[PDB]
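**Q** Once you've had a glance at the structure underneath, I'll fire off some questions.
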Amino acid sequence: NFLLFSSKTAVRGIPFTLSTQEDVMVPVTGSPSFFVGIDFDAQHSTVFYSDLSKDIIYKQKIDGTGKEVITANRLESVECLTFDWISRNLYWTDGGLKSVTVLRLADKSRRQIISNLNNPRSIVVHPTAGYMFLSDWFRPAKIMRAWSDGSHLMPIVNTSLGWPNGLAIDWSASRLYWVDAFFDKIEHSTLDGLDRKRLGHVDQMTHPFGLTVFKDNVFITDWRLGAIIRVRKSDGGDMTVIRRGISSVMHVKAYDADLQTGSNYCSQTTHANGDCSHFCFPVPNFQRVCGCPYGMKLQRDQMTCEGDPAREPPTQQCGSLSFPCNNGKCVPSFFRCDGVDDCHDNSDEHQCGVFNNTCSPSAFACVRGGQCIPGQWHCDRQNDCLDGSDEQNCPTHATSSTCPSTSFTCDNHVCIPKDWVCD
Amino acid sequence: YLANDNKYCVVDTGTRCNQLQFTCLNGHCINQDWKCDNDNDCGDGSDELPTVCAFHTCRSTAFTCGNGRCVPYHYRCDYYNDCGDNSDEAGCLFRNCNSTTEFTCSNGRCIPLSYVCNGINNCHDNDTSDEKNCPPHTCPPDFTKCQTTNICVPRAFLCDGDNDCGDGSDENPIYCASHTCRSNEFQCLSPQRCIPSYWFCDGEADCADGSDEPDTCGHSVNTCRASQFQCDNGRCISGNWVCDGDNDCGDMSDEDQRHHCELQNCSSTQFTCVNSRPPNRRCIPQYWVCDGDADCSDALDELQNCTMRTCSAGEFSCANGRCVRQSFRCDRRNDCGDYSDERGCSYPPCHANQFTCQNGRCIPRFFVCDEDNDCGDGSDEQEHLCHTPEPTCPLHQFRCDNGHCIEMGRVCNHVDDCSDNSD
Amino acid sequence: XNXXX
Amino acid sequence: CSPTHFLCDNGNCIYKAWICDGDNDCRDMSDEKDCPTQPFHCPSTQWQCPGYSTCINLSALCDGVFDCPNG
Ligand SMILES: *[C@@H]1O[C@H](CO)[C@@H](O[C@@H]2O[C@H](CO)[C@@H](O[C@@H]3O[C@H](CO)[C@@H](O)[C@H](O)[C@@H]3O)[C@H](O)[C@H]2NC(C)=O)[C@H](O)[C@H]1NC(C)=O
Ligand SMILES: *[C@@H]1O[C@H](CO)[C@@H](O)[C@H](O[C@@H]2O[C@H](CO)[C@@H](O)[C@H](O)[C@H]2NC(C)=O)[C@H]1NC(C)=O
Ligand SMILES: *[C@@H]1O[C@H](CO)[C@@H](O)[C@H](O)[C@H]1NC(C)=O
Ligand SMILES: *[C@@H]1O[C@H](CO)[C@@H](O)[C@H](O)[C@H]1NC(C)=O
Ligand SMILES: *[C@H]1O[C@H](CO)[C@H](O)[C@H](O)[C@H]1NC(C)=O
Ligand SMILES: *[C@H]1O[C@H](CO)[C@H](O)[C@H](O)[C@H]1NC(C)=O
Ligand SMILES: *[C@H]1O[C@H](CO)[C@H](O)[C@H](O)[C@H]1NC(C)=O
Ligand SMILES: *[C@H]1O[C@H](CO)[C@H](O)[C@H](O)[C@H]1NC(C)=O
Ligand SMILES: *[C@H]1O[C@H](CO)[C@H](O)[C@H](O)[C@H]1NC(C)=O
Ligand SMILES: [Ca+2]
Ligand SMILES: [Ca+2]
Ligand SMILES: [Ca+2]
Ligand SMILES: [Ca+2]
Ligand SMILES: [Ca+2]
Ligand SMILES: [Ca+2]
Ligand SMILES: [Ca+2]
Ligand SMILES: [Ca+2]
Ligand SMILES: [Ca+2]
Ligand SMILES: [Ca+2]
Ligand SMILES: [Ca+2]
Ligand SMILES: [Ca+2]
Ligand SMILES: [Ca+2]
Ligand SMILES: [Ca+2]
Ligand SMILES: [Ca+2]
Ligand SMILES: [Ca+2]
């Protein structure tokens, strides 16, 4: 077990004890990055996350050796990930599409179970209990629960609530904790929304976002502090800061190999995933129900699936004005062959300036073809193109120009404030 | 009336039943899930006819058999053939086990050694392969030998509608088909231990038999026969049984009224408490004479010729010489026989929840006015203390002859608001 | 504001 | 709300044309859940055969091959 948390910068794993502050897992980082959803799979020791700058959901091992994409198609803003460790279904809320999507890992079946929401932020799934929990922070804010299927969607806490930014489940006692960022409070209740109690006032917590519950403690992430803080799950009490001065601080999640155990009818050893082809979902009173991907309907057997192009006709990777990448991304057509890797797998920059896959206006053309570089790298004093045709034949920028009298002319013919001489 | 989604014509007895139930042709409403499951939950199998099952689908949470019958999901791969066509057990990767706890029962069960060929089938193979693997055996009586397999089931299951002995003796024409019982006796729901004809409709079902007392005889058409003696309207009694003190007549009033046992007499190894009344005792065995605890009304059993000496300060000393524990002083019981443990005592008053009788005996207030003399003197059973005066209703409020107060205007309002045309 | 942007 | 607007269950106002237009204008699905429209017709220029749900390419008319069920 260790405390897993995200950021603008990177996703990090730190020990629960403050005695040692050395990262337990190698940080996950990219140069264009903004990491907002996170969840873990202790069986294969992998961590799922979403990069809101690339709109791609990845999975990466703890030691960082193996990184792959889960999906990169039709994502707008994946606010929160959650993983059903028994049935191996990955759920996520989409703030842009205003919907929540379930994806199976064994085969890439995908289904948009819940739609037509307003501001879905946080999602938590309870495999053994069978419920999924969701928060919407629109004006009539509510916390909703439903079966893992996505049916029976009914409100659970819809009064005295505003901006419920985060949800967490106390696995030890089967209680649902959530944070309110408007009233600046932590509340908890049973899975039925009854016996609602409010924790004691926390000292400086004033814009909480993510929380998680581990042993006797709640770990809250606060945006305004830029910090992760810890309190007792009973009444709050002895607030302790775990890290200080994050860039932007997003979710926390308690990695734990102990809680990712147990089984139900979806993980029986005697037969495959509860005999349901494609998706099987846990249901309360320890039942299971089968599902089928988009474009496919469940048959009379209530377990096998067949194609239904009448209600759910097939769709292409994306609309007309765009190029489909290999990883499933889609990019505007006028960003193909610009020398910039926009697909994040170099699909849009493959085989440019040959067989009439022409370069875009954003590139400069190599003389003999077979490559393009950004127009910003033409005459940039670097030899980017193999034949040197980007730096050959480059005229100077020794123009008829002057520098403002308030300013000093560098010998490189750039102007600076006259006060920056001899500093 | 068109019951069950206007598909079943059922007798219009007015017993309309819930949407959470499936109406049978017999009027019995099982819950709605108990159709098309190849259990005959009506008995008659109306619930299991092709008329319904050819135009039905299972609830999403059930498993569906190859024949289209539904079955609760937990019955999948459970070593039981619940579908009939065994699809619930098809393609299950059952556990391997070793000879110390398995003989390879066809269903894949692992059953302990000495439980194979033990005289009784336990692995529930359809061919009874648990037991018939041993040729030479034939067993003791009562545990009856059902034909060519060595199995031996008590005669409590034979000619009964269950082929549970596996081999056909349990139902087939060596008995059963020509008669249930010889003319001296009559059937039971599972015992071939048939009941003599005068046993049924005597007061108790003499075996499992929902007709013995309910409908095999006229309730009130004729009495107990003069061969035996009436003692309650539900029970007649043979002879000696009226005198022994046993609860045989079923109101227990045998040893009373005026017919029998004002007195008793003791045989060998028994002694009579001569100084006693019917409420206490009048014969005890030698197993209790001069033992550690008083038995008779006056505890004469412990005096006899014994007249022992040893008694210390650890026990209260009586006048007659016998001793008892200190707790048995000043109480409701005659512990010492001599009443020395009670003479001179000063009883503290009863608790709040304790009614007090005129003689000083405390009884629970619950016991008051229950038509039982709980303290002897009848303080708790008297006319005016146990009185509920009828409501006055002095004007308006014209009560009807059934004995409840109703408004004056309701009388001859052409509405039968009282018991039987009282208004 | 509470928008994640 | 104005006569030119619907009243949503939560008290939002949305235009007459926006009622069941296929968008969550009421933000509580009131305008979509209330009146479920039945667009089972060919609004296209494609030529509908008399009495059928079948509608076909306009080029079919006397082109030499029976294209509607009755030709
Ligand atoms: C906010 O949550 C409450 C509680 O879930 C919603 O009120 C209504 O609560 C009842 C349970 O008390 C839900 O079930 C109903 O119960 C009555 C019996 O009391 C029964 O006669 C009904 O048939 C029904 O089963 C009811 O569904 C629930 N209402 C809804 C629409 O969920 C309250 O409505 C919620 N606020 C909003 C914005 O709807
Ligand atoms: C564009 O990119 C594809 C790879 O996705 C590349 O194979 C095409 O090259 C060739 O274009 C020829 C026409 O200019 C065509 O006849 C040929 O089959 C094709 N493929 C190969 C292997 O030579 C690029 N051009 C086009 C127009 O697709
Ligand atoms: C056989 O029985 C022994 C116990 O004597 C047990 O240890 C073993 O696992 C069993 N099975 C096999 C495959 O040997
Ligand atoms: C198993 O039992 C059924 C009846 O209970 C019987 O009809 C069937 O033939 C048996 N299976 C085999 C393979 O003999
Ligand atoms: C097309 O879009 C639909 C939803 O409208 C499904 O997501 C489907 O999976 C998509 N098809 C492809 C090829 O990704
Ligand atoms: C060049 O041709 C290709 C043909 O696939 C693309 O249309 C591309 O956008 C074109 N770019 C320019 C600058 O003409
Ligand atoms: C560089 O190009 C500029 C264009 O404004 C001038 O023509 C200048 O004269 C050139 N530099 C030299 C060294 O002649
Ligand atoms: C010189 O050039 C700068 C811009 O590079 C300013 O326009 C400035 O006003 C110019 N001065 C003269 C005298 O032309
Ligand atoms: C099959 O019957 C069940 C139980 O009543 C449901 O009605 C189900 O919806 C039916 N099947 C389909 C595909 O509609
Ligand atoms: Ca606030
Ligand atoms: Ca590009
Ligand atoms: Ca260059
Ligand atoms: Ca300087
Ligand atoms: Ca049944
Ligand atoms: Ca079974
Ligand atoms: Ca046996
Ligand atoms: Ca039997
Ligand atoms: Ca009887
Ligand atoms: Ca008796
Ligand atoms: Ca005695
Ligand atoms: Ca006493
Ligand atoms: Ca009484
Ligand atoms: Ca009347
Ligand atoms: Ca609308
Ligand atoms: Ca034609």
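Methodologically, a virtual Cβ is constructed for each residue, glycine included, from the backbone with ideal geometry; neighbour enumeration extends over all protein chains shown. Here, each number is a calculation from the coordinates, and none is a lab measurement.
**Q** Answer rounded, prolate or oblate for the stretch B:88-127, using the Cα gyration tensor with square roots of eigenvalues a ≥ b ≥ c: rounded when a/c is under 1.5, else prolate when a/b is larger than b/c, else oblate.
**A** It is oblate, given that a/c is not under 1.5 and a/b is not larger than b/c.
**Q** Now for a separate question. Could you work out how much longer the chain between residue B:44 and residue B:67 gets when fully extended? Use 0.36 nm per residue separation minus the Cα distance between them, nm to one decimal.
**A** Working it through step by step, the gained length comes to 6.2 nm.
**Q** Can you tell me the mean projection area, over all orientations, of the convex hull of the stretch B:103-189's alpha carbons? Units nm², please.
**A** 6.2
**Q** Follow-up. Based on other C-beta atoms within 10 Å, arrange A:185, A:253 from fewest to most.
**A** A:185, A:253
**Q** Can you list the equivalent-ellipsoid semi-axes of the stretch A:105-197, largest first and in whole Å, using the square root of 5 times each Cα gyration tensor eigenvalue?
**A** 22, 17, 11
**Q** What do you get for Rg/Rh over the protein assembly as shown if you use C-alpha atoms and the Kirkwood form of Rh?
**A** Checking Rg against Rh, the ratio lands at 1.12.
**Q** Tell me, Kirkwood radius of the stretch A:32-139 from alpha-carbon pair distances, in Å?
**A** 14.1 Å is the Kirkwood radius here.
**Q** Toward the positive end of the charge dipole of the protein assembly as shown, about the Cα centre and with charges on Cβ (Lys, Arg +1; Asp, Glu -1), which of A:4, B:50, B:100 goes farthest?
**A** A:4
**Q** Once the stretch A:118-161 is represented by equal point scatterers at the alpha-carbon sites, with solvent omitted, what log10 I(q)/I(0) does the Debye formula produce at q = 0.18, 0.28, 0.34 Å⁻¹?
**A** The Cα Debye sum returns log10 ratios of -0.48, -0.99, -1.21.
**Q** Here's another thing I want to ask about it. Short version: ³J(HN,Hα) in whole Hz for each residue of the stretch D:66-71, in order, from phi by Karplus 6.51 cos²θ - 1.76 cosθ + 1.60 (θ = phi - 60°), x for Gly and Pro, what are they?
**A** Result, ordered by residue: 5, 10, 6, x, 9, x Hz.
**Q** Here's a follow-up. Rounded to the nearest 0.05, what FRET efficiency do residue A:306 and residue D:42 have when you use their Cβ-Cβ distance and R0 = 35 Å?
**A** Step by step, r from the Cβ atoms, then E = 0.80.
**Q** Now for a separate question. May I ask you to list the residues of the stretch A:351-368 whose amide nitrogen lies under 19 Å from a point 7 Å from Cα along the Cα→beta-carbon direction of residue A:326?
**A** It comes to A:351-355, A:357-358, nothing else.
**Q** Points 7 angstrom from Cα along the Cβ direction at residue A:408 and residue A:183: gap in nanometres?
**A** Each label point lies 7 Å from its Cα, and together they span 6.0 nm.
**Q** Let me ask something else. Using every alpha carbon pair in the stretch A:268-414, what percent of pairs falls into each 10 Å bin from 0 up to the bin containing the largest distance?
**A** Calculated P(r), rounded to whole percents: 10, 21, 17, 16, 14, 10, 7, 5, 1.
**Q** Where does the stretch A:242-293 land on Rg(C-alpha)/(2.2 N^0.38 Å)?
**A** 1.78
**Q** Next question. Starting from the Cα gyration tensor of the stretch B:1-60, multiply each eigenvalue by 5, take the square root, and state the resulting semi-axes largest first in whole Å.
**A** Output for the stretch B:1-60: semi-axes of 18, 12, 11 Å.
**Q** Amide H neighbours of residue A:181 under 5 Å, counting only residues 5+ apart in sequence or on other chains, H built in-plane at 1.01 Å?
**A** Amide H to amide H, under 5 Å and 5 or more residues apart or across chains, residue A:181 pairs with A:165.
**Q** Let me ask something else. Of all alpha-carbon pairs in the stretch B:220-320, indicate the percentage at a distance above 23 angstrom.
**A** 46
**Q** Normalise the Cα radius of gyration of the stretch B:302-405 by 2.2 N^0.38 Å (N = residues in it) and let me know the number.
**A** Cα-based Rg divided by the globular estimate yields 1.81.
**Q** Please grab the % of Cα pairs in chain B that end up more than 37 Å from each other.
**A** Considering chain B, 62 percent of its Cα-Cα pairs are separated by more than 37 Å.
**Q** May I ask for the net charge around residue A:33, where only other residues with Cβ less than 9 Å from the Cβ of residue A:33 are counted and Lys, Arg are +1 while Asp, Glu are -1?
**A** Once all neighbours under 9 Å are counted, the net charge is +1.
**Q** Related question: In Å, what is the Rg of the alpha-carbon atoms in the stretch A:180-324, and how long is Dmax?
**A** Considering the stretch A:180-324 through its Cα atoms, Rg and Dmax are 22.3, 59 Å.
**Q** Which FRET efficiency value, to the nearest 0.05, do you get for residue B:326 and residue B:405 by plugging their Cβ-Cβ distance into 1/(1 + (r/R0)^6) with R0 = 60 Å?
**A** Efficiency, from the Cβ-Cβ distance: 0.55.
**Q** Give me D:7, A:81, A:321, A:298 sorted ascending by neighbouring Cβ count inside 10 Å, so fewest comes first.
**A** By the 10 Å Cβ count, ascending: A:321, D:7, A:298, A:81.
**Q** Still on this structure, please answer the following. At 222 nm, what value in deg cm²/dmol follows for the protein assembly as shown if DSSP H runs of at least 4 each add -39500 (n - 2.57) and the sum is divided by all its residues, to the nearest 500?
**A** -500 deg cm²/dmol
**Q** Can you run the Rg to Rh ratio on chain A? Use alpha carbon positions and the Kirkwood inverse-distance Rh.
**A** Radius of gyration over Kirkwood radius for chain A works out to 1.06.
**Q** Could I ask something else about it? Based on a Kirkwood Rh over C-alpha pairs, give the Stokes-Einstein translational diffusion coefficient of the stretch A:8-52 at 37 °C and viscosity 0.692 mPa s in µm²/s.
**A** It comes out at roughly 281 µm²/s.
**Q** Just subtract the alpha-carbon distance of residue A:247 and residue A:207 from 0.36 nm times their residue separation and send over the number in nm, one decimal.
**A** In short, 12.9 nm is gained.
**Q** Quick one: P(r) of the stretch A:328-369 from all Cα-Cα pairs, 5 Å bins, percents rounded to integers, in order of increasing distance.
**A** The percentages, shortest bin first, are 5, 27, 34, 22, 9, 2, 0.
**Q** Can you give the percent of C-alpha pairs in chain D whose distance is more than 18 Å?
**A** Beyond 18 Å sits 55 percent of the P(r) for chain D.
**Q** While we're looking at this one, here's another question. Once label points are set 7 Å from the Cα along Cα→Cβ at both residue A:285 and residue D:62, what is their separation, rounded to one decimal in nm?
**A** The two pseudo-label positions are separated by 6.8 nm.
**Q** What is the ratio of the Cα radius of gyration of the stretch B:362-413 to 2.2 N^0.38 Å, where N is its residue count, to two decimals?
**A** Normalised Rg, Cα atoms only: 1.78.
**Q** Based on the Cα coordinates of the stretch A:340-423, what is the per residue volume of their convex hull in Å³?
**A** 161
**Q** Considering only A:49, A:90, A:137, whose Cα is most displaced toward the positive end of the charge dipole of the stretch A:1-158, charges sitting on Cβ of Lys, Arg (+1) and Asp, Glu (-1)?
**A** A:137
**Q** Give A:142/A:197; A:59/A:98; A:8/A:329; A:98/A:197; A:233/A:253 a once-over and call out the pairs whose C-alpha atoms are over 18 Å from each other.
**A** A:59/A:98; A:8/A:329; A:98/A:197
**Q** Could you give the length gained on full extension between residue B:414 and residue B:126, defined as 0.36 nm per residue of separation minus the Cα-Cα distance, in nm?
**A** 97.0 nm
**Q** In whole angstrom, how long is each semi-axis of the equivalent ellipsoid of the stretch A:271-345, when you take the square root of 5 times every eigenvalue of its Cα gyration tensor and sort them from largest down?
**A** 38, 16, 9
**Q** Okay, next question. With the crude spin-label approximation of a point 7 Å out along Cα→Cβ, what separation in nm comes out for residue B:164 versus residue B:252?
**A** It is 3.4 nm.
**Q** Given a Förster radius of 60 Å and the C-beta distance between residue B:114 and residue B:183 as r, what FRET efficiency does 1/(1 + (r/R0)^6) yield to the nearest 0.05?
**A** Here the calculated transfer efficiency is 0.85.
**Q** Which of A:391, B:89, B:204 has the fewest other C-beta atoms within 10 Å, and how do the rest follow up to the most?
**A** B:204, A:391, B:89
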